[PDB]
Every structure is written in C-alpha cells, then in structure tokens.
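This report refers to the structure that appears directly beneath it.
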Amino acid sequence: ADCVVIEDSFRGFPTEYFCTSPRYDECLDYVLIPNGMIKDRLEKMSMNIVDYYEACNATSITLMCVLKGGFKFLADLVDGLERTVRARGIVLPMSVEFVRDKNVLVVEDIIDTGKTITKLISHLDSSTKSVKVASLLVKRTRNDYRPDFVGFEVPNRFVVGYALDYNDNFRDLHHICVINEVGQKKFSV
Amino acid sequence: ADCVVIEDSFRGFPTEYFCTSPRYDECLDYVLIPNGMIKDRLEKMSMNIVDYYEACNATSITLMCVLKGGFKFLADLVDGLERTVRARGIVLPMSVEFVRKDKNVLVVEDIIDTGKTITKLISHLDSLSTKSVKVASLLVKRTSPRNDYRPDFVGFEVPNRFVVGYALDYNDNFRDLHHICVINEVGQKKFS
Amino acid sequence: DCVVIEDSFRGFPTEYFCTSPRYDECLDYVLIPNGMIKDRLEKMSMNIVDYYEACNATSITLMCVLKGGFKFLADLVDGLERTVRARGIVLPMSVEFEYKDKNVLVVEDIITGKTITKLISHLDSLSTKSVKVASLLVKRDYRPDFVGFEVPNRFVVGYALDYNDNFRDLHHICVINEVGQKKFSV
Amino acid sequence: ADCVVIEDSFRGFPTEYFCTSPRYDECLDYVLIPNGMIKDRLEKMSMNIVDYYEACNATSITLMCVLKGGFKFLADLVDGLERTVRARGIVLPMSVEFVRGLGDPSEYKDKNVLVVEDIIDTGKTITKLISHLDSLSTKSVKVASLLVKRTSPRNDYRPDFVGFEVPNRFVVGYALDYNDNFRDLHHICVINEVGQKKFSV
Ligand SMILES: O=c1[nH]cnc2c1ncn2[C@@H]1O[C@H](COP(=O)(O)O)[C@@H](O)[C@H]1O
Ligand SMILES: O=c1[nH]cnc2c1ncn2[C@@H]1O[C@H](COP(=O)(O)O)[C@@H](O)[C@H]1O
Ligand SMILES: O=c1[nH]cnc2c1ncn2[C@@H]1O[C@H](COP(=O)(O)O)[C@@H](O)[C@H]1O
Ligand SMILES: O=c1[nH]cnc2c1ncn2[C@@H]1O[C@H](COP(=O)(O)O)[C@@H](O)[C@H]1O
C-alpha cells in the first residue's frame, strides 16, 4: 500500500513547461503527475503485481477495467505486465475484461471515498477465486479503505487527465492536472 | 484506402529473434508484423486522420472502440492522435466510446475479413443520425475475390491467414502477444 | 526559465521506481523520474525548433559534450526529429561530437558554468555562424538559452550524469547519500 | 540462425505510409527496416548479450561505440540493456566509450569490450579495429553490428551479435549515412538514383 505520496506541500508543475492539449489553455492550474511519471511508476508496479501473483501460485489472472476512467491506466499497465512476464520468462496467462472462480484484479482510476469500488468488490464476491484492486491514484481524506496496489497518494483535490474526467471532459489530456475555477465553470453544467 | 501491403510471398520473421510470451512456445508459426512497426505506421495514420478532420471543420471526433480486439489498437492510436493534435497546436476535442448522435464517429476495429461485422455496426450507426461515420481498421484480409468494401483508413493489408497478437484473439486467447503473428495448426488445435 | 525544483522538495523514494540493483544503498532519492524528463523534452524541443523558425536557419548542428549528455542528446535529437517531422518543415540537422560556419546548439549535461565557458571560448577558433547553448539541468547566477530543470545545489547522478565515471547506467536522475559518495571516491 | 534475414525478394515498404523527414521526400526508394522494428529486435538482442555476459560472470563490460554511424543503435541498445538488467535483478556493470581511432587510456587492458558498430560489408573497417583492440591485452573483444550485408561470396567474418542481415543494396537512415547525409532519417531506407546524385562526392 506504500506508494509515491504527493504531499500537500507540493505546488505541482506549471502547464506552460509541458505539452498539454491546446483545447484546455485557460482551464488548468498546474500539472500534478506527468505522463512519463505515470509510466515509470507503472513499471515497478507491474513488477510488484507479477511477483505477488507468483508468490501465490496463480494459474491465471483477469484484469477488470472499469470504463471509462481506467483505460489509459489499463493500457500502460498491460504493457508493463506483458513486458515483465516477458523478460522474467514466466507463463502467467492474463485476461482483460471491460465493465461499465478466477483471479480478479480490478483496474480502477481513483479512490475517493470507496463507495464505488466496494460495490464492485462485493459484486464479484457474490464465488470468485480471488479479488484484488489496483488503483492508479488514491485520495488522502483518512479513508478506512486502501487498494492492494496503489500508484500515487494525492491530496484532497479534483484531478483530470489520463482519462480522468471532470463532467465527461478532460480525458484527452496527456498529463494529470488540477483544474482551476475557470475550467470548472466552463465544463460544469 | 491504400496502405502497407503484406504480400502473399512474405514468409514472415521467425519468433526466435523477437520477444514472445513464454506461454505460446510451440504455437506461433512466425511474426507477421512487429509491435514497433505497428506503432510507426500508426503515427502516419494519426497524421492522415487528423488533417482529414482538419480539412473538414469537425467540431469534435468520437472514436468507437470495437472490443475486445481493438483495445491495444485504440490505445496506441489515441496516443498518436493526441500527440499530433498537441504538436500542431490545433484545438480538436476527441471522445472515446466503447462497444463489443450528431457527432463524427470514427470506428476503431482490429481486422476486417468479409465485412459482416463492420456492415452491421455501420448500419447501427446510421440510425442514430451521426454527423459522419468513418472507419479506421488496423488490418485488412486480402480475399479472393477482393472484398467489396474497404475502410477510410487502413494500417496493413495482410494475406488471408489467421493472425493473432496485439489483442487479436483466437477464442479469447493470444491477446497478450506483443506482435501480430500467424498461428500454426498445433496452436489452433490447442485452443478449441 | 524552466521547471524549478524547490529546495523543500525531498524527492521520491528509490524503492517506488525501478532502479538498477547495482546501486542499492548508494541513492538517497530521485529528483526527476525518467519519464518526466521525456515529457519535458517535448516542450524544450518545440521551443528550440520555434527559435530556429523565428529566423530562417538553413541548418543546425548539435554539439554533444561526452560523456555526460549522450542520453540527453539521444532523446533531444529524437524530440527534434519528431517535431520537424510532425510539422513538415525542412530543418536539416547534424551532430558534432573543420565543420565551421554553422549554427551550433551545444547540448550539455548541467551547469558554475566554468566548463561551458571553455566550450564557447573554444568555438571562437572556427568562428561559428551562430552559437546557442541548451542544458538539461541547472543548479542554484547564469542561464543558457534553453533550460529544462533547475535543481538545488545538491549532487545528482544518473541519465549519463556521473560521479567519477559512475552511476551513468541509472535510469532516473537521483540524489546520492554520503555513503555512496564515499563508496566511489577518486 | 544468427539474426533476422531480409531476403533478396523483399521489396520494402513505400516511404509514403511512414513518417519521413520531408527533405528526403524524393531521395528515398523505400523503407527497409522501420525504427520500431529495430527496437523490437534490440529487445531480444539485449537479452542475448546480457545472459551471455552473465553466463561467464563478466566483471566489467564496456560498450565502445564507433561514432557517427553507431550512435542511435548504441542509444537504443543501452536502453534495452539497462531495461532487461533492471527487470532481472542482475548486476552487470556496463561502461560507454566512443571512437572514430580517437579513444585511448591505456587502461583498456583486462576488460571485456563490446564493439558497437553500424553495419558490416567487406569487413576490413572492423578487422582493423579488432586488431587494434586485441593488442591492448583485453580479456575479451566482441562485436555487435546492427546490420550485415549479404555478400557474394559470403563474408568470411560474421559478428557475434547481429540484428539484421540485409541484401547487398546501400542503406541510409538511423545514423547510417551517405556522404555524411541522411543521418536524421528515422528508418533504415535505400537511396534511389536522385538521392545518389544529390549527395555525390
Ligand atoms: O479527483 C477526481 N477526478 C476525477 N474523478 C474522480 C475524482 N475523485 C473521485 N472520482 C470518481 O468518483 C467516482 C467514485 O469515487 P468514490 O467517491 O471513491 O466512490 C469514481 O468514478 C472516481 O473515478
Ligand atoms: O485472422 C484473424 N485473427 C483474429 N481475428 C479475426 C481474424 N479475422 C477476422 N477476425 C475477427 O473477425 C471479426 C469480423 O470480421 P469479418 O466479419 O470477417 O468482417 C472481427 O471481430 C475480428 O476480430
Ligand atoms: O551533481 C552532479 N553530479 C554529477 N556531475 C555533476 C553534478 N553537478 C555538476 N556536475 C559536473 O560538473 C561539470 C561542470 O559543471 P559546472 O562547474 O556547473 O559548470 C560537468 O562535467 C557536470 O557534469
Ligand atoms: O550500406 C551502407 N550504408 C551506409 N554506410 C555503410 C554501408 N555499408 C558500409 N557502410 C560503412 O562503410 C564502412 C564499411 O565497412 P566494411 O565494408 O565492413 O569494411 C563502415 O564504416 C560502415 O559503417
């Protein structure tokens, strides 16, 4: 459950020094997690997931992508998993299933209060071999729940980008950023 | 449209000189298209798509992922489109819908052999009063006689041989392969 | 102007990123992950191409200063090639590791500035047509024409940056501790 | 069974379906090896090199790049090497040096040198180097060549690690040059006639 903990002292990275979608010129305060940061973290995370599912003699695993917030995370994550199982010479069959007794790894976007991931975990437990949750981001409240694999622990702010949406928008953004009030007013109701 | 033609005389590249997942040891005949070649073609496909919708004045574009096969394809293609939209400074909003009104729908599918699936899907799209309906296909099977229909954007035109990898499946197996490969008969029998 | 890494930033723990097992105990933290470098180099390359399009430069010659900037030159040349290629412009590029009267973009690793002064001074012998300098990192006052990150006055390794021809194979840009700083003393 | 063989029947891919430097628009016949295919090959090459130098417990391993021609191949090769060593917990200390010869210590002795060159054709350019390296009392001298030209008759020398075996046509791109041009090209291509006349000696 230990991860890259973004402290509330971190002010982020201003958008002017990166490549963001020109569509969101005035709508972003700063970049929180660059895209390459996400990739680099997902490498080590892929190693952790693989060696965990080898410590337990798992015959196979099935990733469950929760659309549409976890697609980029699932894509890069599957790249890292196939890469790791490729280099290490293991024979670990992985399946991918998208939803809006087998080993199930939930591929989620972010945990805020946990009311959504717990209904899923209780939905698959309604007779499954195993149920695990992997979340790219985690929100620091503290919440009583934590996923099994966590990439980043972020402050109590609303983030967008990397297929994370603020009212069905900002998904085509390359990095993980925090909206300001201008974009909030522009894309909310 | 015109694309990279994988000639029938192409013998492929043997899997031993690339990285294959260990679970398909004696199941792959050869490697037809390496992953990196797919990506390098997807760069040009992204440019073609973006400046097509820029020749038009599309207010947005809605990509339709045809699951489960087109998921890697849609991933790297969305990376290409995003990378050329922000590289040319053009404002062009892109949304992503998934399957298994009055918008510019770009269908993203894995391969087209006969065209039954793409015909049914396109017919379903024609009822919702879409602004435009274009189709982007990664692979196109060269059949005899040549198939009556061809997509608006095509990555590779490959021979009439069953291919797997890059999320191309064979009874929900072979998806976790990095490259597009032709199966042998031992692998076709191994999964039934 | 670039990305400023303030001094109150402790970095990220090495145990959360993939690092070479060679330097298990010799790394305090990571300042800048590798992918963040890759994402900043996009904007930096765009800035360089835009400066060489404000005027009509008919050529550009990148000067790699081995051994520190070979990774930075690799990904920088990749970004420049990808930008020139993406914008359909005809910007011919050469790499220089006797070829004079050319626009020079010096690709150095990090800058006191006493080394870059030796570079620019040595350039006056051939009299280049134009000289500009781009550096990946700057430690805390002089500034090159293109800067990527601004780091504290601490010591950084990785990404071909070396402490006595060492730590170059490290993927990310890290900060070492005193035990590692003494385990590779010259 | 040394490497990927690009048979003489292979006609390549037309340059219009890939992203090419627009200045060489009319100078390229076709694309021989796309960039991503090169990197895909360099994954497996990195694995082979790593487990070779680990099977014999090589203390140090020093990659020597033949400069200008072999730079990009060195960069992607080092990428793959550090990646595959990172994913295995292996400790394999690698160094990097460069040559054009322009590199001398003379402490190269007792070390394991891995030569990183761009392409082998006749074999004399590399033979002079291996002769100049086996004179410094090195523990081992091996060569990694990205491309190898198919010669008639077959060349009496084949490097230890080969990426691709290409037909006997002239190739450019991916730091491969023709009269110090075509280096900024992204893929490995073959020059046509207009490109052969546009950069003559
Ligand atoms: O900061 C955010 N940005 C975008 N979506 C969020 C954010 N925080 C929570 N969500 C979404 O809120 C939903 C429920 O999260 P919960 O509050 O943990 O139950 C999920 O779909 C999350 O992706
Ligand atoms: O060779 C193949 N390998 C894997 N899937 C194929 C192949 N050929 C056709 N398909 C599948 O066939 C479906 C539609 O093809 P069609 O109906 O023949 O046009 C798609 O969902 C493809 O995944
Ligand atoms: O923190 C560091 N780690 C490794 N090398 C450094 C570091 N800081 C400066 N250098 C090297 O110091 C030399 C000159 O730097 P300058 O004195 O700031 O101009 C160059 O070779 C740099 O690579
Ligand atoms: O087809 C080619 N394209 C570009 N450079 C080549 C080609 N063939 C050989 N070279 C270069 O010319 C020299 C030929 O070496 P040799 O023929 O093995 O003795 C080496 O420096 C090669 O890098």
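Chains as they are written, first to last, in the working numbering: chain S, 1 to 189; chain H, 190 to 381; chain R, 382 to 567; chain L, 568 to 768. Each residue gets a CB set at the ideal place from its N, CA and C atoms; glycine is no exception.
Note that the segment 164-182 of chain S does not touch the segment 329-342 of chain H; fewer than 3 beta-carbon pairs, one per stretch, sit closer than 8 Å.
Here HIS503(R) is exposed, its C-beta having fewer than 16 other C-beta atoms within 10 Å.
C-alpha of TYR540(R) to C-alpha of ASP747(L): approximately 28 Å in a straight line.
Of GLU108(S), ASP109(S) and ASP29(S), the smallest CA-CA separation from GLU16(S) is found for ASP29(S). Residue-level contact by beta carbon fails for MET236(H) and chain S, as no gap is shorter than 7 Å. The DSSP-derived three-state label of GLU434(R) is helix. The Cβ-Cβ distance between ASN103(S) and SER130(S) falls below 7 Å.
Per DSSP, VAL683(L) is one residue of the beta strand (DSSP E) stretching across 679-687. Just measuring C-alpha positions, the residue of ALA247(H), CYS254(H), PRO282(H) and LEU328(H) sitting nearest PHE98(S) is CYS254(H).
Taking 7 Å as the threshold, the shortest C-beta distance from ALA455(R) to chain L falls below it. With fewer than 16 other CB atoms across the displayed protein chains lying within 10 angstroms of its CB, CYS56(S) is exposed.
The C-beta of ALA435(R) comes no closer than 7 Å to any C-beta of chain H.
When the five nearest sequence neighbours on each side are left out, the beta carbons in the same chain lying within less than 8 Å of the beta carbon of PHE351(H) are those of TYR359, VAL371, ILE372 and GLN377, in order along the chain.
By the criterion of a C-beta distance shorter than 8 Å, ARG100(S) is surrounded in its chain by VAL66, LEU67 and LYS68, once the five residues flanking it on both sides are discounted. Counting only residues of its own chain and dropping the five nearest sequence neighbours on each side, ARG608(L) has a CB closer than 6 Å to the CB of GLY730. Counting only Cβ-Cβ distances below 7 Å, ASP550(R) has contacts in chain L at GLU649 and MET661, in chain order. The alpha-carbon of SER127(S) is positioned some 13 Å away from that of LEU120(S). Straight-line spacing of the CA atoms in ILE250(H) and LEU173(S) works out to 15 Å. With contacts defined as CB atoms closer than 7 Å, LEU137(S) and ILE117(S) fail to qualify as a contacting pair.
Taking the Cα positions, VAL193(H) is about 8 Å away from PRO581(L).
Assignment of beta-bridge partners to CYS177(S) by DSSP yields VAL31(S) and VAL160(S). Under the Cβ distance rule, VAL666(L) does not count among the residues neighbouring chain R, no pair being separated by less than 7 Å. Here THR651(L) is buried: its Cβ has 16 or more other Cβ atoms, across all protein chains shown, within 10 Å. DSSP places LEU609(L) in the helix class (H, G or I) of the three-state scheme. When DSSP reads this structure, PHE731(L) sits in a beta bridge with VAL571(L) and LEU714(L). Taking CB atoms only, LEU256(H) has a neighbour in chain S less than 7 Å away. For the 7 Å CB-CB criterion, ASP688(L) and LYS709(L) do not form a contact.
By DSSP's assignment, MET474(R) forms a beta bridge with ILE441(R). In the three-state reduction of the DSSP assignment, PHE640(L) falls in the helix class, which pools H, G and I. Counting of Cβ neighbours within 10 angstroms places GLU54(S) among the exposed residues, the total staying below 16. Using a CB distance cut-off of 7 Å, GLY376(H) does not count as an interface residue toward chain S.
For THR118(S), the enclosing alpha helix (DSSP H) starts and ends at 115-124.
Every residue whose beta carbon comes nearer than 5 Å to a heavy atom of ligand 2 appears here in chain order: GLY258(H), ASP299(H), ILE300(H), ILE301(H), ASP302(H), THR303(H), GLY304(H), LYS305(H), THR306(H), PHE351(H), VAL352(H) and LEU357(H). When 8 Å is used as the limit between beta carbons, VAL31(S) is near no residue of chain H, the shortest such separation being about 13 Å.
Residue pairing by DSSP places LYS323(H) opposite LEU295(H) in a beta bridge.
When Cβ-Cβ separations below 7 Å define contact, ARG590(L) makes contact with chain R.
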